[PDB]
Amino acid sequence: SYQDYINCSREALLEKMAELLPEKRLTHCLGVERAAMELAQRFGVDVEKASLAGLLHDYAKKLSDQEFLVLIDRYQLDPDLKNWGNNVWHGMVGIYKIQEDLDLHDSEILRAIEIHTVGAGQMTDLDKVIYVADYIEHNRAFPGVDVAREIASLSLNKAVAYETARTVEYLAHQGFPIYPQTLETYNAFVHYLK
């Protein structure tokens, strides 16, 4: 059960999360919970760790800038993080909030949530499941989600590669800064597209 990892039940979590997040964000988290489960089954990942990471992944999505900044200092994280924003922080810093609120200490789940947005050059299979589940969960309908879904049905590595290539492409298309760890992911996984 989830109580094996956090300090409350799935139901109590859901109640807590419904306070912290708007409907759409919570529905998305439930989406990722389900998608992570199906991917974990297909690729030999502990389904329960995947489900819980999936549900928790955007837990900290609505922390203010101020709170993230507070968290950066308190946990003495990379000072460069202050030069960034919510996109980077909700996973990379938001893990400290999750740890505070829910007494989550499992290093594998924490890592999966940590790098769900930006990935890393080295990802565990759990990491990859969350990173992909987030992209392909059943409520998303961006153009090309069907291609992501087909790729994720066959290869987790190729799904990571595809998602990261489309993110780098969209960020550059939009003229947004690209967190350098995302490029690390991109360059590690890009060979899989072939």
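A residue's number is simply how far along the shown sequence it sits, counting from 1.
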61-69 versus 32-40: which one carries the higher mean Cα B factor per the record?
-> 61-69
Going by the average Cα B-factor in the PDB entry, point out whether 169-177 or 21-29 comes out higher.
-> 21-29
Whose C-alpha has the highest temperature factor in the PDB entry: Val132, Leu55, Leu126, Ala141?
-> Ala141
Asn187: which third of its chain by C-alpha temperature factor?
-> lowest
Would the CA B-factor of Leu77 place it in the lowest, middle or highest third of its chain?
-> highest
Determine, from the deposited record, the chain-internal third of the Cα B-factor for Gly119: lowest, middle or highest.
-> lowest
